[PDB]
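Worksheet: the structure to be examined is printed underneath.
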Amino acid sequence: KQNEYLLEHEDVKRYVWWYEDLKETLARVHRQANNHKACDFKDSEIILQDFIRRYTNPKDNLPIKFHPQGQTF
Amino acid sequence: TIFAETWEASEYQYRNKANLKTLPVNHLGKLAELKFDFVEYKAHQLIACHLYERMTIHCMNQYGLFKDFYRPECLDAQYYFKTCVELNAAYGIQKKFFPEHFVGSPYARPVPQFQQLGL
Amino acid sequence: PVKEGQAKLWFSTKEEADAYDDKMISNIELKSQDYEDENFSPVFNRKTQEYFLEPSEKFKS
Amino acid sequence: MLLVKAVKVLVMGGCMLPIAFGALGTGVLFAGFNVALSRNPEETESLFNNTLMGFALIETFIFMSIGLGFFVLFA
Amino acid sequence: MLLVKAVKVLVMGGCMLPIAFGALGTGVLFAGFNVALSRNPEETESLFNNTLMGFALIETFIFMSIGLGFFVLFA
Amino acid sequence: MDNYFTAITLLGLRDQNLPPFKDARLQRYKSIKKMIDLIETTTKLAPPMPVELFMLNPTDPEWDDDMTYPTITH
Amino acid sequence: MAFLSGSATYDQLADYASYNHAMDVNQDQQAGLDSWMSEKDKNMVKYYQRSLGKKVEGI
Amino acid sequence: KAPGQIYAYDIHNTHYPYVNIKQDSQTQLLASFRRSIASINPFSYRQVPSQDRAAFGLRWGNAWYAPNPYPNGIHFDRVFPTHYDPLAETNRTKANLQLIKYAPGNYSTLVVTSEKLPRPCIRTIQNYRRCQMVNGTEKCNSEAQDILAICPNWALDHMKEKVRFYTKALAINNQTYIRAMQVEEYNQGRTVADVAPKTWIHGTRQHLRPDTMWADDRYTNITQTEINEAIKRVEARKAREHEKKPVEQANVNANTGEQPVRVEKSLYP
Ligand SMILES: CCCCCCCCCCCCCCCCCC(=O)OC[C@H](COP(=O)([O-])OCC(O)COP(=O)([O-])OC[C@@H](COC(=O)CCCCCCCCCCCCCCCCC)OC(=O)CCCCCCCCCCCCCCCCC)OC(=O)CCCCCCCCCCCCCCCCC
């Protein structure tokens with residue numbers, strides 16, 4: 001009863017929306033060919049780059065910034 | 001991640017720590033212990049941990065998950081598969097963030113620049 | 001002659017596709033089980049359908 | 001590889017050769033036992049025991065053969 | 001290697017040939033022991049010992065073959 | 001060999017079979033090298049959420065009691 | 001007769017049957033897994049002969 | 001106040017599933033008989049644990065079952081070198097005192113763990129952050145000195161090394177970012193607009209044919225005549241592509257008394 005309120009924070013919603021965007025993003029990923037080259041996922045690179053470009057800034061010194069509550073593994 | 005069927009064992013052994021585990025290749029002998037008939041292509045047996053995965057499927061198709069899958073040839077395949085992907089996940093991470101731990105890495109014992117020798 | 005199906009290729013032009021079919025057809029080695037055939041093989045008869053490992057109904061049930 | 005398996009099962013058939021010689025050897029053994037009994041029937045029990053004993057030695061080769069067969073068939 | 005291994009295992013099957021002749025030699029031996037026993041049972045134990053004794057000379061070739069068999073099977 | 005299930009899925013082993021010759025089979029392994037660097041990067045962009053959500057802070061002074069488990073010696 | 005009357009016919013066939021990988025590929029083809037072969041795959045046996053110490057040209 | 005039951009009890013609905021892994025007739029027949037009388041049998045042992053009663057594991061005849069340990073080539077010799085190969089046998093042979101000792105952890109995995117810093121050192125860190133976000137960094141000198149003094153030195157070394165590791169991992173993650181966000185020559189000038197409206201299923205076997213001849217019935221109606229004609233066409237195209245061939249390079253590993261380069265191995269010997 002003391003810590004129930006923490007589930008009302010908007011960061012919980014932000015976390016779920018990121019998980020769904022990754023689901024819809026990876027669902028759209030597809031193999032384009034079978035030439036056994038990296039171009040077989042030519043269009044999928046653009047899809048994932050849009051996802052990364054949507055939560056980072058590529059034109060920075062460190063697009064992935066460290067914070068103690070982040071991801072390393 | 002390993003992007004091949006074969007890997008050098010020494011590349012996954014430690015240089016400054018005791019070596020108590022190896023990263024062995026798939027145990028092809030366990031494939032001959034399945035009593036039933038099955039189709040397996042030789043092109044899929046070398047890639048890491050996939051053979052134990054296909055064997056588990058073959059055993060879960062012939063048998064189920066209750067009172068018939070519980071035979072030594074089928075449980076060892078499921079245990080090997082589950083253990084292979086756990087060890088490979090840890091070795092892969094250790095290779096990504098701790099490459100200096102393994103033999104063959106130029107950072108395990110760095111060679112100095114000529115400017116550090118005083119000549 | 002080449003047969004069409006639901007599984008299509010990955011080529012934009014028709015020449016690259018025909019070049020792929022000619023490459024695969026040039027590598028076919030027919031093995032017939034009937035005598036009096038220029039391509040006859042009692043043993044070592046190649047199958048013409050590829051096997052695919054899938055979870056059965058007993059698996060998913 | 002595949003042929004190695006084929007010759008293995010082929011060898012497994014070869015084990016039927018002692019099975020053949022064991023049959024002839026048994027008939028010969030009992031053939032002599034019959035004439036032997038007629039010569040001195042007073043010791044039928046002694047001759048009889050020796051008859052089966054020899055036959056036991058024959059089945060030894062038999063079990064020895066199939067054993068080798070099943071081994072080479074799986075080893 | 002695999003090609004020669006195929007004929008190696010095949011040769012190992014050949015070792016089952018003495019296993020056959022050893023059985024026939026046994027059936028014949030005990031036959032002579034039985035018929036000979038009837039003609040002169042007074043020396044039963046003597047004949048009996050020589051019988052099994054002779055048999056020991058039979059399994060000699062048997063083990064020799066199997067030994068030679070596994071040897072060339074790996075040498 | 002990390003990202004096992006991801007790599008096996010990209011190679012198509014869930015629906016088809018690899019070519020039986022090493023030349024093309026190996027090129028197909030090196031073809032996913034870009035995608036692994038991408039999917040790994042995406043997995044490192046997750047936003048934070050309160051740690052005090054499904055886990056009480058173990059550094060709280062309330063837990064300095066260092067209490068033991070009382071048992072019955074049957 | 002042409003096979004028996006030859007000198008290398010016995011070798012080209014023996015070195016192929018002795019290469020465990022090439023026989024593994026054939027075992028896959030018999031099961032239904034086959035595809036096209038590159039120039040490098042076609043010489044898989046020539047590489048095997050060279051390793052043994054044979055003098056083979058045209059790799 | 002009924003005892004609690006685990007999820008596995010609702011799969012089997014009993015505490016006495018006589019599971020024996022030994023596939024011999026004598027064993028499975030006795031288990032079926034024992035599995036039926038477990039309700040009124042005093043010699044009954046549980047294999048499904050509960051809140052009120054512990055349970056036994058899987059049975060192997062009269063003994064107990066455990067999977068074969070995952071193959072591990074590490075071993076220790078005593079009398080002579082055995083050259084132990086974990087892939088040469090199905091089940092691992094027992095370790096004889098005079099022959100071999102196996103590596104530790106028959107059933108073990110590789111994980112990463114961390115020591116828990118001392119409680120008083122943790123309280124000094126909490127007080128520093130708290131005074132930091134409240135009063136700012138410039139007014140936390142007393143709280144910083146308490147850390148360097150109360151925290152034992154082995155902890156300060158860990159704290160010092162954690163920063164260097166995460167600094168290393170931070171770079172290793174950004175290098176992957178750079179390789180991932182790099183635009184290749186086959187995607188120059190292409191954006192999300194040039195992407196196709198396709199999903200994962202469109203690259204599978206049903207929609208995208210694999211690179212094998214017998215994946216479907218495409219080449220099942222081909223005759224030897226059509227093949228001979230195709231062999232003539234591919235050779236025609238080779239009259240223009242075979243004109244070029246890479247030149248032979250020098251062998252970097254020519255000297256055997258030199259540390260060779262781990263160059264990519266040839267496909268075939
Ligand atoms: C100690 C003394 C006592 C011992 C005595 C006996 C010793 C026995 C052991 C054997 C000795 C070595 C000989 C082994 C020969 C190999 C046979 C074999 O594997 O079959 C494949 C063989 C070829 O398969 P295929 O279907 O043609 O392949 C077509 C594919 O398109 C092919 O295309 P692919 O892309 O799929 O390629 C597959 C790949 C697969 O690769 C492999 O699997 C390797 C195969 C192993 C051999 C490879 C090395 C061969 C090197 C050449 C030198 C041969 C020397 C032989 C020396 C003989 C010793 C005296 O390559 C091959 O195809 C290999 C071709 C194999 C050719 C074998 C050589 C032909 C011998 C020519 C003489 C024929 C004499 C016949 C007389 C019969 C009398 C009853 O099958 C046959 O030959 C069929 C039989 C012949 C047709 C007539 C029917 C005869 C039926 C006979 C029934 C009775 C059987 C015996 C009864 C005995 C008891 C009474």
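Labeling convention for the structure tokens: chains A, B, ... as they appear, residues from 1 per chain, ligands from 1 in order of appearance.
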
message: Contacts from chain B to chain A, 10 Å maximum, only C-alpha atoms: show me the residue list as number ranges by chain.
response: B: 93, 96-97

Within 10 Å of ligand 1, counting only C-alpha atoms and all ligand atoms: which residues, as an NGL selection string?
(:C and (29-33 or 39-46)) or (:D and (1-4 or 6-7 or 10)) or (:E and (2-4 or 6-8 or 10-11 or 14)) or (:G and (1 or 3-4 or 9-19 or 22-23 or 25-27 or 29-30))

Export of prior selection with C-alpha atoms as a PDB file, in the first residue's frame:
```
ATOM      1  CA  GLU C  29      22.335 -35.126 -61.650  1.00  0.00           C
ATOM      2  CA  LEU C  30      19.316 -37.298 -62.404  1.00  0.00           C
ATOM      3  CA  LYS C  31      19.249 -40.791 -60.884  1.00  0.00           C
ATOM      4  CA  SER C  32      16.579 -43.128 -62.252  1.00  0.00           C
ATOM      5  CA  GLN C  33      15.563 -46.492 -60.804  1.00  0.00           C
ATOM      6  CA  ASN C  39      20.787 -41.833 -66.019  1.00  0.00           C
ATOM      7  CA  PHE C  40      20.371 -45.100 -64.108  1.00  0.00           C
ATOM      8  CA  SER C  41      21.411 -45.699 -60.498  1.00  0.00           C
ATOM      9  CA  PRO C  42      20.186 -48.775 -58.600  1.00  0.00           C
ATOM     10  CA  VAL C  43      21.848 -47.575 -55.403  1.00  0.00           C
ATOM     11  CA  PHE C  44      22.633 -43.964 -54.508  1.00  0.00           C
ATOM     12  CA  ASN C  45      19.342 -42.748 -55.972  1.00  0.00           C
ATOM     13  CA  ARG C  46      18.999 -39.101 -54.998  1.00  0.00           C
TER      14      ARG C  46
ATOM     15  CA  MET D   1      31.251 -44.782 -44.193  1.00  0.00           C
ATOM     16  CA  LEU D   2      27.941 -46.055 -45.549  1.00  0.00           C
ATOM     17  CA  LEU D   3      29.753 -49.072 -46.981  1.00  0.00           C
ATOM     18  CA  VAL D   4      31.401 -49.750 -43.612  1.00  0.00           C
ATOM     19  CA  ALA D   6      26.969 -52.450 -45.106  1.00  0.00           C
ATOM     20  CA  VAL D   7      29.937 -54.772 -44.572  1.00  0.00           C
ATOM     21  CA  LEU D  10      27.295 -58.563 -44.041  1.00  0.00           C
TER      22      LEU D  10
ATOM     23  CA  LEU E   2      37.036 -45.376 -44.326  1.00  0.00           C
ATOM     24  CA  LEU E   3      37.486 -47.437 -47.491  1.00  0.00           C
ATOM     25  CA  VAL E   4      40.152 -49.652 -45.921  1.00  0.00           C
ATOM     26  CA  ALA E   6      35.295 -51.337 -44.572  1.00  0.00           C
ATOM     27  CA  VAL E   7      37.479 -54.265 -45.632  1.00  0.00           C
ATOM     28  CA  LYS E   8      39.049 -54.315 -42.160  1.00  0.00           C
ATOM     29  CA  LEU E  10      34.960 -57.537 -43.292  1.00  0.00           C
ATOM     30  CA  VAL E  11      38.191 -59.395 -42.526  1.00  0.00           C
ATOM     31  CA  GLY E  14      36.515 -64.035 -41.482  1.00  0.00           C
TER      32      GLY E  14
ATOM     33  CA  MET G   1      37.012 -51.427 -69.582  1.00  0.00           C
ATOM     34  CA  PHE G   3      37.948 -47.526 -66.047  1.00  0.00           C
ATOM     35  CA  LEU G   4      40.038 -50.673 -65.566  1.00  0.00           C
ATOM     36  CA  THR G   9      40.755 -43.755 -62.673  1.00  0.00           C
ATOM     37  CA  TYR G  10      41.392 -45.833 -59.555  1.00  0.00           C
ATOM     38  CA  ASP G  11      42.813 -42.801 -57.739  1.00  0.00           C
ATOM     39  CA  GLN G  12      40.231 -40.171 -58.685  1.00  0.00           C
ATOM     40  CA  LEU G  13      37.555 -42.551 -57.393  1.00  0.00           C
ATOM     41  CA  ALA G  14      39.466 -43.738 -54.325  1.00  0.00           C
ATOM     42  CA  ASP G  15      40.533 -40.275 -53.170  1.00  0.00           C
ATOM     43  CA  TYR G  16      36.896 -39.214 -53.522  1.00  0.00           C
ATOM     44  CA  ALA G  17      35.510 -42.131 -51.514  1.00  0.00           C
ATOM     45  CA  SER G  18      38.166 -41.576 -48.839  1.00  0.00           C
ATOM     46  CA  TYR G  19      37.318 -37.895 -48.309  1.00  0.00           C
ATOM     47  CA  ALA G  22      32.616 -35.319 -49.810  1.00  0.00           C
ATOM     48  CA  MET G  23      30.854 -38.509 -48.735  1.00  0.00           C
ATOM     49  CA  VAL G  25      27.780 -34.202 -48.862  1.00  0.00           C
ATOM     50  CA  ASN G  26      26.709 -37.163 -50.987  1.00  0.00           C
ATOM     51  CA  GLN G  27      24.789 -38.568 -48.025  1.00  0.00           C
ATOM     52  CA  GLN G  29      22.207 -35.268 -51.597  1.00  0.00           C
ATOM     53  CA  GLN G  30      20.698 -38.743 -51.296  1.00  0.00           C
TER      54      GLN G  30
END
```

Exercise answer, chain D residues close to chain E, 7 Å and only C-alpha atoms, as a PyMOL selection string: chain D and resi 1+3-4+7-8+11+14-15+17-18+21-22+24-26+28-29+32-33+35-37+39-40+47+54+58+61+65

Take the residues that were just selected and, keeping N, CA and C atoms, output them as a PDB file, in the first residue's frame.
```
ATOM      1  N   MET D   1      32.273 -45.150 -45.211  1.00  0.00           N
ATOM      2  CA  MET D   1      31.251 -44.782 -44.193  1.00  0.00           C
ATOM      3  C   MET D   1      30.005 -45.644 -44.351  1.00  0.00           C
ATOM      4  N   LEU D   3      29.355 -47.713 -46.640  1.00  0.00           N
ATOM      5  CA  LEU D   3      29.753 -49.072 -46.981  1.00  0.00           C
ATOM      6  C   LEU D   3      30.272 -49.818 -45.760  1.00  0.00           C
ATOM      7  N   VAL D   4      30.949 -49.117 -44.848  1.00  0.00           N
ATOM      8  CA  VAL D   4      31.401 -49.750 -43.612  1.00  0.00           C
ATOM      9  C   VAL D   4      30.216 -50.342 -42.862  1.00  0.00           C
ATOM     10  N   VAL D   7      29.108 -53.598 -44.817  1.00  0.00           N
ATOM     11  CA  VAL D   7      29.937 -54.772 -44.572  1.00  0.00           C
ATOM     12  C   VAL D   7      29.733 -55.289 -43.155  1.00  0.00           C
ATOM     13  N   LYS D   8      29.440 -54.399 -42.206  1.00  0.00           N
ATOM     14  CA  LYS D   8      29.163 -54.838 -40.843  1.00  0.00           C
ATOM     15  C   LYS D   8      27.984 -55.802 -40.812  1.00  0.00           C
ATOM     16  N   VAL D  11      28.991 -59.052 -42.361  1.00  0.00           N
ATOM     17  CA  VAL D  11      29.709 -59.918 -41.429  1.00  0.00           C
ATOM     18  C   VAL D  11      28.726 -60.611 -40.498  1.00  0.00           C
ATOM     19  N   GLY D  14      27.821 -63.724 -41.652  1.00  0.00           N
ATOM     20  CA  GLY D  14      28.856 -64.744 -41.599  1.00  0.00           C
ATOM     21  C   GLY D  14      28.788 -65.602 -40.352  1.00  0.00           C
ATOM     22  N   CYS D  15      28.216 -65.069 -39.272  1.00  0.00           N
ATOM     23  CA  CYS D  15      28.103 -65.830 -38.034  1.00  0.00           C
ATOM     24  C   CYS D  15      27.279 -67.096 -38.212  1.00  0.00           C
ATOM     25  N   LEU D  17      27.785 -69.333 -40.240  1.00  0.00           N
ATOM     26  CA  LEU D  17      28.617 -70.449 -40.683  1.00  0.00           C
ATOM     27  C   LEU D  17      28.911 -71.418 -39.546  1.00  0.00           C
ATOM     28  N   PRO D  18      29.442 -70.991 -38.394  1.00  0.00           N
ATOM     29  CA  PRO D  18      29.536 -71.927 -37.263  1.00  0.00           C
ATOM     30  C   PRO D  18      28.208 -72.548 -36.890  1.00  0.00           C
ATOM     31  N   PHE D  21      28.237 -75.527 -39.164  1.00  0.00           N
ATOM     32  CA  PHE D  21      29.188 -76.552 -38.749  1.00  0.00           C
ATOM     33  C   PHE D  21      28.836 -77.132 -37.387  1.00  0.00           C
ATOM     34  N   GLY D  22      28.247 -76.328 -36.503  1.00  0.00           N
ATOM     35  CA  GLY D  22      27.818 -76.855 -35.222  1.00  0.00           C
ATOM     36  C   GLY D  22      26.724 -77.892 -35.359  1.00  0.00           C
ATOM     37  N   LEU D  24      26.308 -79.972 -38.038  1.00  0.00           N
ATOM     38  CA  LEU D  24      26.962 -81.186 -38.511  1.00  0.00           C
ATOM     39  C   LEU D  24      27.790 -81.823 -37.404  1.00  0.00           C
ATOM     40  N   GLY D  25      28.534 -81.010 -36.654  1.00  0.00           N
ATOM     41  CA  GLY D  25      29.309 -81.544 -35.549  1.00  0.00           C
ATOM     42  C   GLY D  25      28.447 -82.210 -34.498  1.00  0.00           C
ATOM     43  N   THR D  26      27.243 -81.684 -34.273  1.00  0.00           N
ATOM     44  CA  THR D  26      26.341 -82.288 -33.298  1.00  0.00           C
ATOM     45  C   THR D  26      25.833 -83.636 -33.794  1.00  0.00           C
ATOM     46  N   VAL D  28      27.204 -85.654 -35.895  1.00  0.00           N
ATOM     47  CA  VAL D  28      28.314 -86.595 -35.800  1.00  0.00           C
ATOM     48  C   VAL D  28      28.510 -87.040 -34.358  1.00  0.00           C
ATOM     49  N   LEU D  29      28.416 -86.103 -33.415  1.00  0.00           N
ATOM     50  CA  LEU D  29      28.612 -86.450 -32.012  1.00  0.00           C
ATOM     51  C   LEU D  29      27.581 -87.473 -31.558  1.00  0.00           C
ATOM     52  N   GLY D  32      28.098 -91.031 -33.220  1.00  0.00           N
ATOM     53  CA  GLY D  32      29.022 -91.888 -32.501  1.00  0.00           C
ATOM     54  C   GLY D  32      28.473 -92.353 -31.170  1.00  0.00           C
ATOM     55  N   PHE D  33      27.693 -91.500 -30.502  1.00  0.00           N
ATOM     56  CA  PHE D  33      27.104 -91.882 -29.224  1.00  0.00           C
ATOM     57  C   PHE D  33      26.173 -93.075 -29.385  1.00  0.00           C
ATOM     58  N   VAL D  35      26.302 -95.546 -31.783  1.00  0.00           N
ATOM     59  CA  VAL D  35      27.134 -96.732 -31.959  1.00  0.00           C
ATOM     60  C   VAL D  35      27.889 -97.042 -30.675  1.00  0.00           C
ATOM     61  N   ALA D  36      28.341 -96.004 -29.971  1.00  0.00           N
ATOM     62  CA  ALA D  36      29.069 -96.218 -28.727  1.00  0.00           C
ATOM     63  C   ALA D  36      28.191 -96.908 -27.691  1.00  0.00           C
ATOM     64  N   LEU D  37      26.929 -96.488 -27.584  1.00  0.00           N
ATOM     65  CA  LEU D  37      26.020 -97.122 -26.635  1.00  0.00           C
ATOM     66  C   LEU D  37      25.820 -98.594 -26.972  1.00  0.00           C
ATOM     67  N   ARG D  39      27.856-100.569 -28.318  1.00  0.00           N
ATOM     68  CA  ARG D  39      29.057-101.339 -28.014  1.00  0.00           C
ATOM     69  C   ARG D  39      29.101-101.732 -26.544  1.00  0.00           C
ATOM     70  N   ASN D  40      28.783-100.798 -25.651  1.00  0.00           N
ATOM     71  CA  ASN D  40      28.836-101.030 -24.208  1.00  0.00           C
ATOM     72  C   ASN D  40      27.647-100.341 -23.558  1.00  0.00           C
ATOM     73  N   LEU D  47      28.211 -92.347 -21.057  1.00  0.00           N
ATOM     74  CA  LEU D  47      28.251 -91.878 -22.438  1.00  0.00           C
ATOM     75  C   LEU D  47      27.311 -90.698 -22.643  1.00  0.00           C
ATOM     76  N   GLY D  54      29.947 -82.412 -24.585  1.00  0.00           N
ATOM     77  CA  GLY D  54      30.522 -81.995 -25.852  1.00  0.00           C
ATOM     78  C   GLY D  54      29.642 -81.004 -26.585  1.00  0.00           C
ATOM     79  N   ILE D  58      30.003 -77.029 -28.097  1.00  0.00           N
ATOM     80  CA  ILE D  58      29.648 -76.558 -29.432  1.00  0.00           C
ATOM     81  C   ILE D  58      28.895 -75.237 -29.343  1.00  0.00           C
ATOM     82  N   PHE D  61      31.014 -71.987 -29.059  1.00  0.00           N
ATOM     83  CA  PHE D  61      31.360 -71.343 -30.319  1.00  0.00           C
ATOM     84  C   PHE D  61      30.182 -70.543 -30.858  1.00  0.00           C
ATOM     85  N   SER D  65      30.231 -66.759 -31.453  1.00  0.00           N
ATOM     86  CA  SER D  65      30.099 -66.191 -32.790  1.00  0.00           C
ATOM     87  C   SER D  65      29.094 -65.046 -32.805  1.00  0.00           C
TER      88      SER D  65
END
```

**Study point:** region 10-42 of chain C: residues DSSP assigns to helix (DSSP H, G or I), reported as an MDAnalysis selection string
**Key:** chainID C and resid 14:25

Can you tell me, as number ranges by chain, what residues are no more than 12 Å from residue 2 (chain H) when counting only C-alpha atoms, ignoring any on the same chain fewer than 5 positions away?
H: 50-52

Could you list, as a PyMOL selection string, every residue of chain G that has an atom within 6 Å of an atom of chain C, counting only C-alpha atoms? chain G and resi 30-33+36

Applying 8 Å and only C-alpha atoms, which residues near residue 41 (chain A) remain after dropping the ones on its own chain fewer than 5 positions away? List them as a PyMOL selection string.
(chain A and resi 30-33) or (chain F and resi 35)

In Å and to one decimal, CA of residue 101 (chain B) is distant from CA of residue 26 (chain B) by 23.8 Å

Compile a residue-level contact table for chain C against chain B at a cut-off of 9 Å, reporting for every qualifying residue the shortest atom pair and its distance in Å to one decimal, with only C-alpha atoms counted, rows ordered by chain and ascending number, as a tab-separated table.
```
residue	atom	partner	partner_atom	distance
C:51	CA	B:39	CA	7.5
C:52	CA	B:39	CA	8.9
C:53	CA	B:54	CA	7.8
C:54	CA	B:57	CA	8.0
C:55	CA	B:61	CA	6.7
C:56	CA	B:61	CA	5.8
C:57	CA	B:61	CA	8.0
C:58	CA	B:61	CA	6.2
C:59	CA	B:61	CA	5.4
C:61	CA	B:64	CA	8.8
```

Counting only C-alpha atoms, which residues of chain H come no farther than 10 Å from chain G, as a list in words?
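Within 10 Å of chain G on chain H, we get residues 210, 211, 212, 213, 214, 215, 266, 267, 268 and 269 of chain H.
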
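The list of residues with at least one atom within 12 Å of residue 106 (chain H), based on only C-alpha atoms and without residues fewer than 5 positions apart in the same chain, reads residues 20, 21 and 83 of chain B; 66, 67, 68, 69, 70, 71, 72, 73, 74, 75, 92 and 101 of chain H.
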
task = Enumerate as a ChimeraX atom specification the residues belonging to chain H that approach chain A to within 8 Å, with only C-alpha atoms taken into account.
result = /H:166,169-170,173-174,177,180-181,186-187,190-192,194-196,198-204,208,210-211

Quick one: write out the picked residues with C-alpha atoms as a CSV table (one decimal), in the first residue's frame?
```csv
chain,number,residue,atom,x,y,z
H,166,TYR,CA,31.9,0.4,-17.5
H,169,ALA,CA,31.9,-1.5,-22.0
H,170,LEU,CA,30.6,2.0,-22.9
H,173,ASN,CA,28.8,-0.6,-27.1
H,174,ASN,CA,29.4,2.6,-29.1
H,177,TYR,CA,26.7,1.4,-32.7
H,180,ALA,CA,25.6,-0.9,-37.0
H,181,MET,CA,24.6,2.7,-38.1
H,186,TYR,CA,24.2,-1.1,-51.2
H,187,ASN,CA,22.0,1.2,-49.1
H,190,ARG,CA,17.8,4.7,-49.4
H,191,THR,CA,15.4,5.6,-46.7
H,192,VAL,CA,12.3,4.1,-45.0
H,194,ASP,CA,12.2,2.7,-50.2
H,195,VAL,CA,11.4,-0.2,-47.8
H,196,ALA,CA,8.9,-2.9,-48.9
H,198,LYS,CA,6.9,-7.1,-46.0
H,199,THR,CA,7.1,-8.9,-42.7
H,200,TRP,CA,9.2,-11.8,-41.3
H,201,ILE,CA,7.0,-14.5,-42.9
H,202,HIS,CA,7.7,-13.0,-46.4
H,203,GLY,CA,11.3,-14.2,-46.1
H,204,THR,CA,10.4,-17.7,-45.1
H,208,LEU,CA,10.9,-16.9,-50.5
H,210,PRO,CA,15.6,-21.3,-50.5
H,211,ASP,CA,18.8,-21.7,-52.5
```

Show me, as number ranges by chain, the residues that have an atom within 7 Å of residue 37 (chain A) when counting only C-alpha atoms, minus same-chain residues fewer than 3 positions from it.
A: 40; F: 27-28, 31

Compile the contact shell of residue 37 (chain F) as JSON, numbers by chain: residues with an atom at most 8 Å away, counting only C-alpha atoms, same-chain residues fewer than 2 positions apart removed.
{"F": [33, 34, 35, 39, 40, 41], "H": [176, 177, 179, 180]}

Grab the residues selected above and save them as a PDB file, in the first residue's frame with C-alpha atoms.
```pdb
ATOM      1  CA  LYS F  33      27.222  -9.898 -38.928  1.00  0.00           C
ATOM      2  CA  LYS F  34      25.616  -6.516 -39.589  1.00  0.00           C
ATOM      3  CA  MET F  35      22.222  -7.531 -38.216  1.00  0.00           C
ATOM      4  CA  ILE F  39      19.766  -6.026 -32.878  1.00  0.00           C
ATOM      5  CA  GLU F  40      22.287  -5.893 -30.037  1.00  0.00           C
ATOM      6  CA  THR F  41      22.312  -2.094 -30.179  1.00  0.00           C
TER       7      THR F  41
ATOM      8  CA  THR H 176      29.000  -1.609 -32.300  1.00  0.00           C
ATOM      9  CA  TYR H 177      26.689   1.388 -32.681  1.00  0.00           C
ATOM     10  CA  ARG H 179      29.357  -0.354 -37.239  1.00  0.00           C
ATOM     11  CA  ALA H 180      25.595  -0.852 -37.033  1.00  0.00           C
TER      12      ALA H 180
END
```
